[PDB]
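These notes are about the structure you will find just below.
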Amino acid sequence: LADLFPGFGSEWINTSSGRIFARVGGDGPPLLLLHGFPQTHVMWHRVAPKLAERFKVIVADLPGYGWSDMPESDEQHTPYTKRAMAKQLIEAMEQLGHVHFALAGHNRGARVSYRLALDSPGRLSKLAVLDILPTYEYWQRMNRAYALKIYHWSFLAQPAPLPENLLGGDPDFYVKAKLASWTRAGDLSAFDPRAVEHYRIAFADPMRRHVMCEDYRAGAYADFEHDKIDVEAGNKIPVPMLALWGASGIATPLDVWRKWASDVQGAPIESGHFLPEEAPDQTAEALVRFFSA
Amino acid sequence: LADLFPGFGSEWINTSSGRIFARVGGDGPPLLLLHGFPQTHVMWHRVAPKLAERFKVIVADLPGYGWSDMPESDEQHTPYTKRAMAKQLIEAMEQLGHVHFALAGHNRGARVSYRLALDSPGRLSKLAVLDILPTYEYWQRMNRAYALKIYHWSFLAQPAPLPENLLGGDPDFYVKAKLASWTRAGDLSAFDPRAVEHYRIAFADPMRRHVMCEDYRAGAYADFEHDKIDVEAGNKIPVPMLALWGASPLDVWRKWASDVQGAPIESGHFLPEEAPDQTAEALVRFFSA
Ligand SMILES: [Ca+2]
Ligand SMILES: [Cl-]
Ligand SMILES: [Cl-]
Ligand SMILES: [Cl-]
Ligand SMILES: [Cl-]
């Protein structure tokens, strides 16, 4: 496996829930970056160097993904709820001495990030969420057209061991098909092949696949209920926020986020779902500008 | 593979789109019985005997399922649309001289049946559907709760080869998990083991699995659009109808049919195997007078 962050250090950070693996580089105000599914920290490799010119950049594997430890799950999928993931990432930031920091997330990592902002807002100076709406909004919109377009939320959420058994025959084919499908061109051309190999090796481990299904189970059940509480109570994030989305992505999104956040700006970018790999210069620039302003 | 139909013949019926396999027994008025997913005609083995006391009973494999031939599909999944399946079964019944008959179906076979009643109501004396609502109604109901409960409607409808590739690694597990999870018991104890082997053997074949996905792609697209036209026109099935459902709906069918009666049966989805006495008794009494 290639080193895609040349000159960045590496840290295995202890927490009460297990170790978090991270690459660490640059100098300046602290900025945590969080990937999602079906990827690892390496998806930030095209934008990290440029962010590292202006910030101390912490590129972490999510609890249970990549090289971070995989805690044993339970009947409510607790450790892979976004509430618990956020708590665990807060502890890992405190081990480095960061109690107030900037945060950007993508896909599941964006879900950890907004949940973090709702539960513990004093932790964040600013927040960016890339190509997502809140988990409550995804589910509230569900109808035949969305059910057919974005099927995997309900598939990976079926009780164990159904999705796990289906995915075990030919795991490479599933992970590569997902990566390609969500891009603008529908192929693997946007990704560095050494980044594709990181994703494929993680996806080849049955234990790593189980974590991803637990993540999506949490997505269908506890995460949804936690969001519902907040929207029914009218709670909005007060942290200044940016919503960036792909014109051809999965997530207008800015109008949805205005219901969830009192100080939000946003823009589309010409891209599929994978903004930091499909549109690196534009994504790096939008983030540097937002976090420096 | 076991003969589960004592005193029934075995027939291959020709049609313009391929052969339909059927077990045929009994005498008297004609009654066609249609299975669904993930099963074959064998799923009527416990109720067909009682029905054959009074009727001439035709127990057919759906187009592409079991031992029926598999017509070539196309980009709109045409031969696995319920409209096309019904036209093909209408042709099969004509090869036997049956142009007006009674019809009961379960799961996919019930969708063929109600679409047959909507398209060609003159073909049917009476109609029974087991544990379904119309395809349009399931889709209209597709919120978070339904997306989770009935996930396979969206998964099996994903463009080829995604579900076919996944089902290929351990098909025995997938079929047995479906059978089990929709029963009251949650295991395979309601089923005869010989019937389970018919279902496993059919599901073990990649070409039979592809047909199943074509059926669900039809269910997501043309079949939905067909139902939508009837709902927008206010069309109602005129044929006398019975809706049976597992306690583990009559109001829904009253919107789709002008002469409908209905009852729950103590059962999961697989009424003719979980609740064979009660299912047979209800069908016999409906179809008699
Ligand atoms: Ca320490
Ligand atoms: Cl979303
Ligand atoms: Cl770019
Ligand atoms: Cl069905
Ligand atoms: Cl019974």
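All residue numbers given for chain B refer to Swiss-Prot; the residues shown span 4-251, 260-300 in order.
Here the Cβ of each residue, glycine as well, is placed from N, Cα and C on the backbone.
Summarising the annotation, Swiss-Prot assigns fluoroacetate binding site to B:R111, B:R114, B:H155, B:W156, B:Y219 and lists experimental evidence as the type of evidence. Reduced to three states, the DSSP call for B:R114 (fluoroacetate binding site) is helix.
Residues or ranges marked as site 'Important for enzyme activity' in Swiss-Prot (evidence: a curator's inference): B:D134. In the three-state DSSP classification, B:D134 (site 'Important for enzyme activity') falls within coil. B:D134 (site 'Important for enzyme activity'): 22 other CB atoms within 10 A of its CB, across all protein chains.
Swiss-Prot lists B:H280 with the feature active site, proton acceptor, giving experimental evidence as the kind of evidence. There are 21 other CB atoms within 10 A of the CB of B:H280 (active site, proton acceptor), with all protein chains counted.
Here the deposited model leaves out 8 residues, and the two residues on either side, B:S251 and B:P260, have Cα atoms 13 Å apart.
Looking only at the binding-site residues B:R111, B:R114, B:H155, the densest Cβ neighbourhood within 10 Å occurs at B:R114. Cα distances from B:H280 (active site, proton acceptor) to the recorded positions B:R111, B:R114, B:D134, B:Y219 are smallest for B:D134.
Shown in sequence order, B:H155, B:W156, B:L159, B:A160 are the residues of the chain, 6+ apart in sequence, with a C-beta less than 8 angstroms from the C-beta of B:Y219 (fluoroacetate binding site). Across the residues the record lists as binding fluoroacetate (B:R111, B:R114, B:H155, B:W156, B:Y219), the two Cα atoms farthest apart are 16 Å from each other.
B:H280 (active site, proton acceptor) falls within neither a helix nor a strand when secondary structure is assigned with DSSP, and so counts as coil.
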